[PDB]
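**Student:** Got a structure for you, questions after.
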Amino acid sequence: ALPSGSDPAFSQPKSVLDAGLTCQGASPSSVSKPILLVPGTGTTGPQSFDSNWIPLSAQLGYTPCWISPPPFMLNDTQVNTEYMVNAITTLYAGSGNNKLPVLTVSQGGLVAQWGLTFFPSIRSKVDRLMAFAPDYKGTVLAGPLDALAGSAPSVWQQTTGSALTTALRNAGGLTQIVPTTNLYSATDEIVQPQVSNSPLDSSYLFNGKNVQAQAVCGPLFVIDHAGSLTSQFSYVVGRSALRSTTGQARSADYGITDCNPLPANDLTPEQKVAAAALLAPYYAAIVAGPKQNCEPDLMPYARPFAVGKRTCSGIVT
Numbered sequence: 000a001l002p003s004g005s006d007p008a009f010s011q012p013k014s015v016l017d018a019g020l021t022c023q024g025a026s027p028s029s030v031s032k033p034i035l036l037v038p039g040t041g042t043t044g045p046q047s048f049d050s051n052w053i054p055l056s057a058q059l060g061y062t063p064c065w066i067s068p069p070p071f072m073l074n075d076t077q078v079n080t081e082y083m084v085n086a087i088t089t090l091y092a093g094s095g096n097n098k099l100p101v102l103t104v105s106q107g108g109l110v111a112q113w114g115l116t117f118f119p120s121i122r123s124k125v126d127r128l129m130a131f132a133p134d135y136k137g138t139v140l141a142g143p144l145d146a147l148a149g150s151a152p153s154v155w156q157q158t159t160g161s162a163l164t165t166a167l168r169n170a171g172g173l174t175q176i177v178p179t180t181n182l183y184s185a186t187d188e189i190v191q192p193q194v195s196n197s198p199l200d201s202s203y204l205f206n207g208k209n210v211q212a213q214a215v216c217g218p219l220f221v222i223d224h225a226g227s228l229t230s231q232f233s234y235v236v237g238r239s240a241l242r243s244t245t246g247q248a249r250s251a252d253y254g255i256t257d258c259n260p261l262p263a264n265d266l267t268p269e270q271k272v273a274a275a276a277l278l279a280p281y282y283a284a285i286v287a288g289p290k291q292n293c294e295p296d297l298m299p300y301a302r303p304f305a306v307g308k309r310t311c312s313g314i315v316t
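Here the sequence shown is numbered in the authors' numbering, starting from 0 and rising by one per residue.
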């Protein structure tokens, strides 16, 4: 079972949410073959995909579109999802009422499944989801000394055992809602645990196409968080998920010969070097970005699914 009924109301005006959506070389209301790219924590849309999937999806025939929820995905994850839901509705109608793919990284995958869980209207508008290193269960790795100064709202909510991650799980959000592919690695230095190749991993979704790099490439295969998005292996897996008639990556489309953790071969030399510096804005955000001293309160639609957890207002019930 999943949440049903009308979409919850947005807490932000539509002009604010519309302001966060951009398409490369096209208007959101008139776009050909759009793809929604959702960035990770501590970054904007261009910062996550300029070096990788904005050019890679454009070469595959898509119009790169993205959201950049302020500030740098560090604010309340529930509010970042409003940008995605509004963008999908806009891009669905903007492309002649046709389904569009969604490709994410880091918190972006958590944002995608959160929207599909609690905003039922977009379930018939997303044809597939290609999530790179998503943290559906949050992460057990604390911030690089983010325990005496607090952390960003989105960092609170991405901690294992948070009210947000609890509510997503309890609402049935750990089962895929659209055809979903999850590409992750046991060597992820930001999102853990990922070492079980099982529902214990943070990126695992039941009935999804869960691709742990070590399961395909070997137990000693190393590929970090940024590589999980930009690698040639990730391109092969992602390109398979986008081309597939089932909506999921196909095991026949990739193999041990594609196990390259370096940036995708099709990227230009400037793009590969830029892809290696993917987390540079993320590093700045965790050390010098906004911080608060409690996990943001749950919105009314998600509050009933995390009874017992403490947020800024107190205990849910």
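No residue lacks a Cβ here, since even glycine has one placed at the ideal position from N, Cα and C.
Where are the beta strand (DSSP E) runs, 3 residues long or more, that stay fully inside the stretch 31 to 81, in chain order?
**Tutor:** The qualifying runs are 33 to 37 and 62 to 66.
**Student:** Since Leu102 is in the beta strand (DSSP E), which residue starts that stretch and which ends it?
**Tutor:** Residue 102 sits at position 103 when you count from the first residue of the sequence shown. First-last of the beta strand (DSSP E) with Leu102: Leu99 to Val104.
**Student:** With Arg242 as the anchor, note down where its beta strand (DSSP E) starts and where it stops.
**Tutor:** Taking the sequence shown and counting its residues from 1, the one referred to as residue 242 is at position 243. Here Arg242 belongs to no beta strand (DSSP E); instead the alpha helix (DSSP H) covers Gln231 to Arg242.
**Student:** Between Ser50, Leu16, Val15 and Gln11, which lies nearest to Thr267 when the distance is taken from Cα to Cα?
**Tutor:** For the purposes of this step, residue 267 is taken as the residue at position 268 of the sequence shown. Ranking the options by Cα distance to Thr267, first place goes to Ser50.
**Student:** Quick test of the definition: if touching needs 3 or more C-beta pairs under 8 Å, does the stretch 20 to 36 touch the stretch 130 to 141?
**Tutor:** no
**Student:** Going by DSSP, which residues form a beta bridge with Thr174?
**Tutor:** Position 175 of the sequence shown, counted from the start, is the residue given in the question as residue 174. According to DSSP, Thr174 bridges with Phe205.
**Student:** What number of angstroms, rounded off, separates the C-alpha of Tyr61 from the C-alpha of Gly237?
**Tutor:** As a first step, residue 61 must be located in the sequence shown, where it is residue number 62. As a first step, residue 237 must be located in the sequence shown, where it is residue number 238. Cα-Cα distance, rounded: 13 Å.
**Student:** Do you know whose CA, among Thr245, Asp145, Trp113 and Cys258, lies nearest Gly217's CA?
**Tutor:** Counted from its first residue, the sequence shown places residue 217 at position 218. Of the listed residues, the one whose Cα sits closest to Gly217 is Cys258.
**Student:** Between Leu128 and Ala146, what straight-line distance do the alpha-carbon atoms span, to the nearest angstrom?
**Tutor:** Mapped onto the sequence shown, residue 128 falls at position 129. Mapped onto the sequence shown, residue 146 falls at position 147. Those two C-alpha atoms are separated by around 33 Å.
**Student:** Could you check the C-alpha separation between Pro70 and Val78 for me, to the nearest Å?
**Tutor:** Within the sequence shown, residue 70 is the residue found at index 71, counting from 1. Within the sequence shown, residue 78 is the residue found at index 79, counting from 1. Approximately 11 Å, taken between the alpha carbons.
**Student:** Do you know offhand how far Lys32's Cα is from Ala214's?
**Tutor:** Taking the first residue of the sequence shown as position 1, residue 32 is located at position 33. Taking the first residue of the sequence shown as position 1, residue 214 is located at position 215. Answer to the nearest angstrom: the Cα atoms are 32 Å apart.
**Student:** Can you tell me the Cα-Cα spacing of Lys308 and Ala162, whole angstroms?
**Tutor:** Here residue 308 refers to the residue found at position 309 of the sequence shown. Here residue 162 refers to the residue found at position 163 of the sequence shown. Cα to Cα, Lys308 sits roughly 5 Å from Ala162.
**Student:** Taking all protein chains shown into account, do 16 or more other C-beta atoms lie within 10 angstroms of the C-beta of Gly95, making it buried, or fewer, making it exposed?
**Tutor:** For the purposes of this step, residue 95 is identified with residue 96 of the sequence shown, where counting begins at 1. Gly95 is exposed by the Cβ-count criterion.
**Student:** Using CA coordinates, which residue listed in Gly171, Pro63 and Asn97 is at the minimum distance from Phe205?
**Tutor:** Start at 1 with the first residue of the sequence shown, and residue 205 comes out as number 206. Considering only alpha carbons, the answer is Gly171.
**Student:** When DSSP labels each residue in this structure, what does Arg122 get in the three-state scheme?
**Tutor:** Numbered from 1 along the sequence shown, position 123 holds the residue referred to as residue 122. Annotated three-state conformation of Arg122 is helix, per DSSP.
**Student:** Could you spell out the range, first to last residue, of the beta strand (DSSP E) harbouring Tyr183?
**Tutor:** The residue you call residue 183 lines up with position 184 of the sequence shown. Note, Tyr183: beta strand (DSSP E), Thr179 to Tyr183.
**Student:** Please identify the residue among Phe9, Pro45, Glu188 and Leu35 whose C-alpha is closest to the C-alpha of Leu241.
**Tutor:** Here residue 241 corresponds to residue number 242 of the sequence shown, with the count starting at 1. Minimum Cα distance to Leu241 is reached at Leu35.
**Student:** For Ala130, which beta-bridge partners are listed by DSSP?
**Tutor:** Taking the first residue of the sequence shown as position 1, residue 130 is located at position 131. According to DSSP, which records beta bridges pairwise, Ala130 is partnered with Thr103 and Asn181.
**Student:** Starting from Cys22, trace the beta strand (DSSP E) both ways and give me its first and last residue.
**Tutor:** Sequence index remark: in the sequence shown, residue 22 carries index 23 (1-based). Judged by DSSP secondary structure, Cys22 falls within the beta strand (DSSP E) whose first and last residues are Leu20 to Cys22.
**Student:** Going by DSSP, what residue range makes up the alpha helix (DSSP H) through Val190?
**Tutor:** Reading the sequence shown from its first residue, position 191 is the one you call residue 190. It is not in any alpha helix (DSSP H) - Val190 carries neither H nor E in the DSSP assignment.
**Student:** Answer with buried or exposed for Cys311, where buried requires no fewer than 16 other C-beta atoms within 10 angstroms of its C-beta.
**Tutor:** Numbered from its first residue, the sequence shown carries residue 311 at position 312. Exposed, by the Cβ-count rule.
**Student:** Quick one: what does DSSP say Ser29 is sitting in, helix, strand or coil?
**Tutor:** Position 30 of the sequence shown, counting from 1, holds the residue named residue 29. Strand, per DSSP.
**Student:** Should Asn85 go down as buried or exposed, given a rule of 16 or more other Cβ atoms within 10 Å for buried?
**Tutor:** Here residue 85 corresponds to residue number 86 of the sequence shown, with the count starting at 1. By the 10 Å Cβ count, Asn85 comes out buried.
**Student:** DSSP three-state call for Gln291: helix, strand or coil?
**Tutor:** As a first step, residue 291 must be located in the sequence shown, where it is residue number 292. Strand.
**Student:** Are the CB atoms of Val125 and residue 319 within a distance shorter than 7 Å?
**Tutor:** Because the chain spans 0 through 316 in this model, residue 319 falls outside it and cannot be assessed.
**Student:** Report the CB separation of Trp155 from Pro295 in whole angstroms; it is logged as a contact under 8 Å.
**Tutor:** Here residue 155 is taken as the residue at index 156 of the sequence shown, counted from 1. Here residue 295 is taken as the residue at index 296 of the sequence shown, counted from 1. The pair is a contact, with the Cβ atoms about 7 Å apart (cut-off 8 Å).
**Student:** At a cut of 8 Å, does the stretch 40 to 56 reach the stretch 274 to 283 through at least three beta carbon pairs?
**Tutor:** yes
**Student:** Among the candidates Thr186, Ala283, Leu109 and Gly254, whose CA atom is the shortest distance from the CA of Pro143?
**Tutor:** The residue you call residue 143 lines up with position 144 of the sequence shown. When each option's Cα is compared against that of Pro143, the closest is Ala283.
**Student:** Check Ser312 in the structure and name its three-state DSSP category.
**Tutor:** As a position in the sequence shown, residue 312 is number 313, starting the count at 1. Residue state, collapsed to three classes: coil.
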